[PDB]
Ligand SMILES: [Zn+2]
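Residue numbers (the UniProt record's numbering): 12 to 467.
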């Protein structure tokens with residue numbers, strides 16, 4: 012029950028209400044929470060002191076959109092250069108083929124999730140929201156049990172987002188029977204996950220969310236169902252939003268825009284955060300803001316699939332909450348959140364070539380990846396380095412040869428480096444990474460183990 016001190020951090024970016032940063036400053040930790048943040052803190056009831064000299068400290072990075080099972084589908088030649096239609100077809104084909112061959116059961120997904128989630132810690136990420144849409148079995152399998160087990164083993168903070176594809180071919184589905192479950196089955200299963208796994212109190216380490224694949228992949232009945240369950244059980248809602256093909260297929264299926272659909276079926280609320288949001292009509296943006304929905308920027312896939320640049324500046328001008336994510340490793344193909352910020356830093360600029368003020372800055376992006384994502388997930392206890400918040404902390408060394416000459420360390424973190432490896436990482440007050448190595452997890456064993464279970 013004794014405390015931890017991180018002394019002499021070169022720089023501490025807090026993302027509190029003032030955007031306070033501190034130099035040569037400390038973080039005092041008591042169990043799961045941050046006791047204090049400032050210069051020269053007392054080491055009185057302290058049982059361990061850690062030298063932060065030459066490090067920048069940020070709140071733990073929070074990846075607000077993952078598909079862990081896709082770590083098994085990395086760098087596939089046939090999928091290197093495909094449009095979404097071929098990509099989606101190729102992923103489902105593979106996951107389906109592997110499953111019924113017996114090579115893709117929960118025990119496999121568990122070890123795939125273990126590796127990617129460990130990669131996540133190693134990249135400064137302390138919270139991950141995974142969206143798992145793949146439930147064949149006919150009793151809904153224990154895939155989410157499997158990812159929760161991996162996360163819990165490793166000590167990373169975790170949001171399981173129960174996903175699906177309830178709208179089949181005969182209903183206008185571009186999906187498959189195998190993966191089409193009845194709404195009630197999806198609803199019943201979610202109820203059980205909440206009762207069993209959901210930790211609604213401050214500093215909760217596992218939380219359940221409800222997440223249809225999308226407005227054109229799921230029955231409107233599921234959206235209304237989840238909207239009731241979210242109010243009743245006080246959990247959050249998640250889905251994909253304004254992918255380029257959506258506004259076309261939504262209108263074909265419902266004669267309305269995806270936003271209008273969400274609004275009808277109870278999802279224009281502050282319990283909702285939304286993935287990608289690449290191509291909305293501009294007139295709806297002020298409606299996103301009044302409704303209090305959050306959005307997650309996912310640059311690597313939006314680029315990987317040819318989709319382009321989501322109007323992130325417009326969301327920020329509108330006062331909409333923006334978070335950040337990597338999406339799955341079949342369209343990234345990494346879980347490197349930090350590296351992905353450099354992508355967003357650079358690729359937005361050609362769209363406003365003469366208005367650099369519009370361009371996203373390093374500090375806006377880091378905010379997205381911490382406090383922005385915290386608010387996507389409805390975690391007022393995360394994403395900020397201040398007393399009373401969770402002791403979720405990620406630190407990077409600034410004294411490498413690849414970062415000589417850096418004038419601002421926050422900007423340098425995005426714009427320079429041969430490596431995005433974090434040095435020190437603290438989740439829930441537990442040191443899980445030190446000297447860029449896992450302190451509790453066995454890295455080599457995990458790598459050999461997971462590698463042996465990857466389907467050919
Ligand atoms: Zn996704």
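Note that the Cβ used here is the ideal one computed from N, Cα and C, for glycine as well.
- Taking C-beta separations shorter than 7 Å and ignoring five residues to either side along the sequence, the partners of residue 230 in its chain run 177, 178 and 194, following chain order.
- Look at residue 87 here: in three-state DSSP terms it is coil, with no helix or strand label.
- When secondary structure is reduced to three states using DSSP, residue 77 falls in the strand class.
- Taking C-alpha positions only, residue 316 is separated from residue 203 by approximately 35 Å.
- DSSP, read as helix, strand or coil, puts residue 445 in strand.
- Distances from the CB of residue 305 to the heavy atoms of ligand 1 are all 7 Å or more.
- In the structure shown, the three-state DSSP call for residue 390 is coil.
- Across the structure, residue 218 and residue 349 are spaced so that their CA atoms are roughly 24 Å apart.
- The C-alpha of residue 264 is placed about 27 Å away from the C-alpha of residue 200.
- Distances from the CA of residue 153 to each of 207, 214, 14 and 93 were compared; the closest alpha carbon is that of 207.
- Annotated as distal: residue 38 and residue 296, with beta-carbon spacing of 8 Å or more.
- Taking the Cα positions, residue 22 is about 45 Å away from residue 467.
- Taken through DSSP and simplified to helix, strand or coil, residue 223 comes out as strand.
- Distance from the C-beta of residue 171 to the nearest heavy atom of ligand 1 is not below 7 Å.
- Annotation for residue 235: the continuous alpha helix (DSSP H) segment containing it runs 231–244.
- Assignment of beta strand (DSSP E) within the segment 98–153, counting only whole runs of 3 or more residues, yields 136–143 in chain order.
- For residue 285, the number of other beta carbons within 10 angstroms of its own is at least 16, and it is reported as buried.
- Exclusion of the five residues before and after residue 450 leaves 442, 443 and 444 as the residues of its chain whose Cβ lies within less than 7 Å of its Cβ.
- With a cut-off of 7 Å, the C-beta of residue 142 is classified as near ligand 1, since at least one heavy atom of the ligand falls inside that distance.
- Under the three-state reduction of DSSP output, residue 94 falls in the coil class, being neither helix nor strand.
- The alpha carbon of residue 96 has as its nearest neighbour, out of 40, 28, 256 and 132, the alpha carbon of 256.
- Pairing residue 157 with residue 433, the inter-Cα distance amounts to about 26 Å.
- Taking 8 Å as the cut-off, the Cβ atoms of residue 17 and residue 49 do not count as close.
- Look at residue 286: its beta carbon is less than 7 Å from one of the heavy atoms in ligand 1.
- Checking the DSSP bridge columns, you'll see residue 307 partnered with 286 and 334.
- Counting other Cβ atoms within 10 Å of its Cβ, residue 303 stays below 16 and is therefore classed as exposed.
- Closest in C-alpha terms to residue 44, from the list 274, 392, 427 and 430, comes 392.
- Placement of the Cβ of residue 339 at a distance of less than 7 Å from at least one heavy atom of ligand 1 is found.
- Only exposed fits residue 463, as fewer than 16 other CB atoms lie within 10 angstroms of its CB.
- When rounded, the separation of the alpha-carbon atoms in residue 181 and residue 228 is 12 Å.
- Leaving aside the five residues that flank residue 173 on each side, the residues in its chain whose CB is nearer than 8 Å to its CB run, in chain order, 143, 155, 197, 200, 201, 204, 219, 220, 221 and 222.
- Checking the DSSP bridge columns, you'll see residue 252 partnered with 287.
- With contacts defined as CB atoms closer than 8 Å, residue 147 and residue 189 qualify as a contacting pair.
- Annotated three-state conformation of residue 259 is helix, per DSSP.
- Contact annotation: residue 329 and residue 300 have beta-carbon atoms nearer than 8 Å.
- Rounded to the nearest angstrom, the gap between the Cα atoms of residue 334 and residue 110 is 33 Å.
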